[PDB]
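First the proteins, then the strands, lettered A, B, ... as listed; each starts at 1.
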Amino acid sequence: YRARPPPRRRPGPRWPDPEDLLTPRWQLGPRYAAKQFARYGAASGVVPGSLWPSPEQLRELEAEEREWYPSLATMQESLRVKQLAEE
Amino acid sequence: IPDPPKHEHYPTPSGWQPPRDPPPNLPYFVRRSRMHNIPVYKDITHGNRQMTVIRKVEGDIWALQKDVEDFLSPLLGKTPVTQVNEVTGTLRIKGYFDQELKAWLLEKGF
Amino acid sequence: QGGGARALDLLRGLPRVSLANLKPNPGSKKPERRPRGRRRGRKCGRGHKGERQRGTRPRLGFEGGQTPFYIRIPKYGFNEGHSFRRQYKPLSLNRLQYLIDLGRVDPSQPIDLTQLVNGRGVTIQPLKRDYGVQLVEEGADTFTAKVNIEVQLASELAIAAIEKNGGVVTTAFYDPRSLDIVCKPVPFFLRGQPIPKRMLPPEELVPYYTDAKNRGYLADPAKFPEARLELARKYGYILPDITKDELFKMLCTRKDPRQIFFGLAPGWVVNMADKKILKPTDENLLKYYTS
Amino acid sequence: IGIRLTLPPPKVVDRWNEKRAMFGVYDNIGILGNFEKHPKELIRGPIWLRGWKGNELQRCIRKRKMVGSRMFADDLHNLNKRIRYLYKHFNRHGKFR
Amino acid sequence: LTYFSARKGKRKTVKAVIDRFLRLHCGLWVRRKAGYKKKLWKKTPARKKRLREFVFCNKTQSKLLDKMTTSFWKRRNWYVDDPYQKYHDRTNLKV
Amino acid sequence: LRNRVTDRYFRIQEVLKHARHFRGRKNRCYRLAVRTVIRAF
Amino acid sequence: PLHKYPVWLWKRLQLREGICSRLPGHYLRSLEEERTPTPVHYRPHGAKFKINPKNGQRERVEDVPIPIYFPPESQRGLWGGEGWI
Amino acid sequence: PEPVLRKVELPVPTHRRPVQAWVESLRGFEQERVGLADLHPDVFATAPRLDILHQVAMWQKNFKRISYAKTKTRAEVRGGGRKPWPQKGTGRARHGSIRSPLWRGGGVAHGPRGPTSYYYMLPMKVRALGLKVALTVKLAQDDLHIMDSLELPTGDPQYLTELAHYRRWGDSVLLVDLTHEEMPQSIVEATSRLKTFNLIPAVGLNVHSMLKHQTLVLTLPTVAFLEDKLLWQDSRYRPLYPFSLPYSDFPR
RNA sequence: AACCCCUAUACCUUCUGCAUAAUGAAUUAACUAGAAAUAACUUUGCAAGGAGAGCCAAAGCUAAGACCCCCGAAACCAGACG
Ligand SMILES: [K+]
Ligand SMILES: [K+]
Ligand SMILES: [K+]
Ligand SMILES: [Mg+2]
Ligand SMILES: [Mg+2]
Ligand SMILES: [Mg+2]
Ligand SMILES: [Mg+2]
Ligand SMILES: [Mg+2]
Ligand SMILES: [Mg+2]
């Protein structure tokens, strides 16, 4: 006999049907397309502009940053005030 | 793993020496590990069985055993207890002798 | 010269190795014990009645009703908040020197987490709450290499050993996300995400990293000359002039505080497939990543 | 009684049919193929058992997790009872604690 | 104990043990003494001082506390300024 | 894999071979013969 | 044996077949859309992250609605989204 | 005809010397001794580790085994819910259900509970060492033959059969070309009609096939491929992430 | 020399202890009962690293081998049927 062709990794991006009800919902997000771009680059077919946050997303990133990640001066100011009370 | 750079003076600050070239003229050979160190390891079982293993031995391992018997007899005051594993090219000694054996194999050209 | 060749030539005169004359190594296949026959059947090792023979003895730690040992000891916060304590993989000056002597870390270029991980010098586990490497002093007497090294914590004596040899050391903070990326860049690039910004320290760590005595990466550069002079007086060496060295440009290389990688800015997408880098030019995005 | 009175039909084995002759081919597909595929990707069988092993409680838990939404009602009910049964057995009974 | 969880098929840690005992990486377990905060007015200073010690467990208890905790609780940690850091490794211990 | 004993006949005869000269049902019925053959040995 | 499709998808598969398939798209969109109801009988967090007072760490928080029972009589009136608890 | 002289590409340990094999051809019946090939001693002259062959052979035989045997327990046999007769009074043995494992038609107490997997993974380095050992053993027992190519004068199987008989190649021969796509059509036609002469690409080599066939035939390109792949495992760092992701020097 | 002679208190379970006049068993056939972690040990691999991301490492670490039964209540609850 001769051996069957070696099992090979099917090349190129795998884009699933966004209509088939049995497609995993994780294979249909923008994050999945971002991984396809990273693996195959321009051959993916992903518009690179979709890789950065959109204006509404950018507003949400900056809001969560302001609330939870204070500036250097604010943290230094907080340490100064806290240090005086202890002293 | 990168091959070690050439150094003007040996041993290096860390203490590393390369194997001697040409290889020593002995019946056995001790190859260095993939990281270029001498393959002497201490081993422990039962919480109390201190053992030193010499690995990666080529050639006649029964000659290496005799040499290790003669090197370590004065230090112990008696013949060391050893296992010779011809299949795996491994010598096993009862007791911790990793530092002495390393310095001694390094002075042989291995 | 001996046993090695003596085995291959001893194989020439033996039957062919086939699937019919193989066997496991002696001592590798302990036999199974089955409850059959006189020795192992009958009561089968389970004893006679009680709970044990019937398989119904109480849980572990139960003592028959006496208030158990593990319950009558008082609660004490030995392990309280263990999961929010920061851990630092120690890097010894013995281990650093050894990595350089074996060629696994390159002292001719800046050394940060990526170079130590890639040289397999340290193993960082951000998921186990590692916050980076602490440079520990062990091996300071015999350390001779001059390096530009960036760690997260460093001992004064470790700093003295670096700076006595003409090297530079800075302590820099990495948040757990930035730390995970700096430790394994390739997996992050395979996510197709813009390079994030390195976050600032939390308050409790701001004093450490704005202090020149720790060579903190947010510390005032004008205060470094004095602090480097103090350790030289303390430990009795003459501080070298590193501005005179030919590698001085290399010794000065420091990442921007918001920067994870040398030469790459926040907001860039690395295209490893085409070996390209995509930079956004939108003002709102560009302002976000430089802030 | 209980022992057959004639020899059973003789069993002929083709030691060189295509399945036997090629058995094991590509088991080194990773180390010989630049690790593009793992040998576990050659395993064919239930979706919940490919490249994975466990005791019977783990298998039942794993099958319930992965295909349980697709199981027939009688089979899913038996699996629920089997998990509960093995849960009590492995956690509460036995010689060793 | 839970030898096999219903969700993960894994053994579970008894959290009672985590709240009372400290595991050193060498395999020793450290506890407080029972009753060190009870009725101090009737206990002598020598007794009070004994009650304030951090003490080691015996082999049987160590083996028991090892079985009631999973592997996570036996890993080497590198906490910064750990008060117990020097107690994690043994020195000059024969057999 | 269902494994069943297939040569039980021969296991039985090994006892019955020594019981053939006994009297009664303990010269043919294994349950009875096995006890009297052990006692005989 | 296994079903090809998870059982919980069976009702959705039905909407792709028969008369339901031929229903207007805008109506079929309304069915699928399962918007969160306004909180009525529970007080929402108001934030996605909160500081855990016990250990002082920022943890994520989620709003889990309270199951509401609407008696058939409520379908003739206007209860403002209130029901039985 | 200039000899085909193959030298080893990868550096050989100074203390060791290469081993050698005749280079042969399948273009004629007597076309042995077409050249002389150096072989890397660490791949073709490693310690004969039959215990490692058994490890790897058993991992191949079992790691992909899924058992589909299954029995019903007393919980799963039809019916059997009610207590057959009262606990006391009848003079019968006491029974809780007619599908206990004591009853005919009852459940199975400790039967197979498939589907059952047998998956496990020998460390990669052990799996690579088993390949070297099998190669070392084939050479050492004169069951290895290096060819320059696998081209035949014809695609007729009888020729390949007669050629093996003439050269004393045994009953089973394992042909290894470098690539599936670039196999000569002649050897493809001959081996497809045969049962004991099996043609595989280099990536399909394995301990179970090398042990099953008596004779192992390798083209010279295959040898270089094998030396490269197997000696890589001896000099590699511990991984930082799967070797399928980009590395500095890998692949090639 | 079949028997006569001599020696010889079925078996299982259960017990301090059973020829026990304590349990179970007419007999034959078939069926009918030890399932797995923690650690350790043994045997390989690689080794200040190991592991085919994660996890461990102050000779470790990977892999493997080897380990924890059967039948039995009176009940309790839910939904049907009378
Ligand atoms: K009696
Ligand atoms: K009695
Ligand atoms: K009685
Ligand atoms: Mg009766
Ligand atoms: Mg009594
Ligand atoms: Mg009786
Ligand atoms: Mg009784
Ligand atoms: Mg009776
Ligand atoms: Mg109740």
*Counting heavy atoms not belonging to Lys74(E), are there more than 12 under 6.0 Å from its NZ?*
yes
*Do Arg55(B) side-chain and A47(I) base share a donor-acceptor contact under 3.5 Å?*
yes
*Please list, chain by chain and in numerical order, all residues satisfying side chain to side chain donor-acceptor pair (under 3.5 Å) with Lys43(C), sequence neighbours excluded.*
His48(C)
Distances for protein N/O vs nucleotides 54-60 of chain I N/O pairs under 3.5 angstrom?
| unit_1 | atom_1 | unit_2 | atom_2 | d |
| --- | --- | --- | --- | --- |
| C55(I) | OP1 | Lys128(C) | NZ | 2.9 |
| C55(I) | OP2 | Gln125(C) | NE2 | 3.0 |
| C55(I) | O5' | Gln125(C) | NE2 | 3.3 |
| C56(I) | OP1 | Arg75(E) | NE | 2.9 |
| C56(I) | OP2 | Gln125(C) | NE2 | 3.0 |
| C56(I) | OP2 | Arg75(E) | NH2 | 3.2 |
| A57(I) | OP1 | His25(E) | NE2 | 3.1 |
| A57(I) | OP1 | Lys74(E) | O | 3.4 |
| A57(I) | OP2 | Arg76(E) | N | 3.2 |
| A58(I) | OP1 | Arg76(E) | NH2 | 3.3 |
| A58(I) | OP2 | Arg76(E) | NE | 2.9 |
| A58(I) | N6 | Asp89(E) | OD1 | 3.3 |
| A59(I) | OP2 | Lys42(B) | NZ | 3.2 |
| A59(I) | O2' | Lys42(B) | O | 2.6 |

_Considering every strand and a 4.0 Å limit on heavy-atom distances, what is the contact class for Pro242(H): base, sugar-phosphate, or nothing?_
base
*Round to the nearest Å and state the distance from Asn27(F) atom CG to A2(I) atom P.*
18 Å
*Looking at residues 30-38 of chain B, who's got a heavy atom less than 4.0 Å off RNA chain I?*
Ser33(B), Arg34(B), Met35(B), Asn37(B)
*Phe90(D): what forms a ring pair (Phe, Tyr, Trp, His ring centres under 6.0 Å) with it, not counting sequence neighbours?*
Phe4(E)
*asked:* I need the CE-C1' distance between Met68(E) and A37(I), as an integer number of Å.
replied: 15 Å
*At under 4.0 Å between heavy atoms, which parts of nucleotides 10-21 of chain I does protein reach? Answer with one letter per nucleotide, 5' to 3': B base, S sugar-phosphate only, - none.*
SS-SSS------
_Need the glycosidic conformation of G72(I): syn if within 90° of 0, anti if not. Which one?_
anti
*On a whole-Å scale, what distance lies between the P atoms belonging to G65(I) and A59(I)?*
29 Å
*Check whether the six-membered base rings of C69(I) and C70(I) have centres under 5.5 Å apart and planes under 30 degrees from each other.*
yes
*Touch check for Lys26(F), heavy atoms < 4.0 angstrom, all strands: base, sugar-phosphate only, or nothing?*
nothing
*asked:* Can you pull out every salt bridge (charged side-chain N to carboxylate O under 4.0 Å, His left out) where at least one residue sits in residues 48-57 of chain H? Sequence neighbours excluded, please.
replied: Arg49(H)-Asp51(H)
_is_stacked(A57(I), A58(I)) at 5.5 Å centroid, 30° plane limits_ = no
Give me, pair by pair, the N or O atoms of the protein and of nucleotides 63-68 of chain I that are less than 3.5 Å apart, along with how far apart they are.
| unit_1 | atom_1 | unit_2 | atom_2 | d |
| --- | --- | --- | --- | --- |
| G65(I) | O2' | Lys30(C) | N | 2.8 |
| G65(I) | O2' | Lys30(C) | O | 3.0 |
| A66(I) | OP1 | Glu32(C) | OE2 | 2.5 |
| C67(I) | OP1 | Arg33(C) | N | 3.4 |
| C68(I) | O2' | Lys95(D) | N | 2.9 |
| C68(I) | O2 | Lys95(D) | N | 2.9 |
| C68(I) | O2 | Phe96(D) | N | 2.9 |

*Mind running side-chain hydrogen bond (donor to acceptor under 3.5 Å, both in side chains) on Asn77(E) and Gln87(C) for me, showing each step along the way?*
CA-CA 7 Å; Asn77(E) 297 292; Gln87(C) 307 195 31; 3.0 Å; yes
*asked:* What does the 5'-to-3' dot-bracket notation of RNA chain I look like when only Watson-Crick and G-U wobble pairs under 3.5 Å count, and pairs to other strands show as |?
replied: ..........(.(........).)................(((..(..((....))...)..))).................
*Picking from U44(I), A35(I), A73(I), which would you name as closest to the side chain of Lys83(H)?*
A73(I)
*With heavy atoms under 4.0 Å as the rule, sort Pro39(B) into base, sugar-phosphate or nothing.*
nothing
_If you compare all heavy atoms of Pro39(D) against all heavy atoms of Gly30(D), which two are closest, and at what distance to 0.1 Å?_
CD-N, 4.4 Å
*If the glycosidic angle is within 90 degrees of 0 it's syn, otherwise anti, so just tell me which one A53(I) is.*
syn
_Which nucleotide in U28(I), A33(I), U43(I) has an atom nearest any side-chain atom of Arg31(F)_ = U28(I)
_Mind checking if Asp180(C) touches a base, just sugar-phosphate, or nothing, with heavy atoms under 4.0 Å?_
nothing
*Is a donor-acceptor contact shorter than 3.5 angstrom present between the side chain of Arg127(H) and the base of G52(I)?*
yes
*How would you list all residue pairs meeting ring-ring contact (aromatic ring centres under 6.0 Å, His included) that involve residues 19-41 of chain F, not counting sequence neighbours?*
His18(F)-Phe41(F)
*Under the side chain to side chain donor-acceptor pair (under 3.5 Å) test, residues paired with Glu137(C) that sit two or more places apart*: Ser155(C)
*If we check the six-membered rings of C12(I) and its strand neighbour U13(I), are the centres under 5.5 Å apart with planes under 30°?*
yes
*Label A48(I) north or south, basing it on the sign of the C1'-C2'-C3'-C4' dihedral.*
south
_Heavy atoms only, 4.0 Å cut-off, all strands: where does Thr36(F) land among base, sugar-phosphate and nothing?_
nothing
*Tell me whether the sugar of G65(I) sits north or south, going by the sign of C1'-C2'-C3'-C4' (positive is north, negative is south).*
north
*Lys53(D) charged N/C atom sitting above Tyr119(H) aromatic ring, 6.0 Å / 45°*: no
*Going by the salt bridge (charged side-chain N to carboxylate O under 4.0 Å, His left out) test, which pairs reach into residues 116-134 of chain H, not counting sequence neighbours?*
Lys132(H)-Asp234(H)
*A10(I) on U9(I): ring centroids within less than 5.5 Å and planes tilted under 30°*: no
*May I have the distance from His110(H) (atom NE2) to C69(I) (atom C1'), rounded to whole angstrom?*
5 Å
*Where do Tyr70(C) and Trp29(E) land on the ring pair (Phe, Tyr, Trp, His ring centres under 6.0 Å) test, with the steps shown first?*
CA-CA 12 Å; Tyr70(C) 79 97; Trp29(E) 289 84; over 10 Å; no
*State, as yes or no, whether the six-membered rings of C5(I) and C6(I) are stacked by the criterion of centre distance under 5.5 Å and planes under 30 degrees.*
yes
*Answer yes or no for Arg65(H) and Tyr118(H): cation-pi contact, defined as NZ/CZ to six-membered ring centre under 6.0 Å and angle to ring axis within 45°.*
yes
*Would you mind classifying the nucleic acid contact of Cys29(F) as base, sugar-phosphate or nothing, using non-hydrogen atoms under 4.0 angstrom?*
sugar-phosphate
*Start with the C-alpha distance between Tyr98(C) and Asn37(B), add both sets of side-chain angles, then the distance that settles side-chain hydrogen bond (donor to acceptor under 3.5 Å, both in side chains), and finish with yes or no.*
CA-CA 11 Å; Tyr98(C) 161 81; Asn37(B) 298 300; 3.0 Å; yes
_Short side-chain N/O contact to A51(I) OP1/OP2 from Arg120(C), under 4.0 Å_ = no
*Between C1' of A53(I) and CD1 of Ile181(C), the distance in whole Å*: 15 Å
_Base, sugar-phosphate or nothing for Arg95(C)? Non-hydrogen atoms, less than 4.0 Å._
sugar-phosphate
Review item, nucleotides 77-82 of chain I N/O atoms under 3.5 Å of protein N/O:
none

*Is a side-chain donor-acceptor pair under 3.5 Å present for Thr13(E) with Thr69(E)?*
no
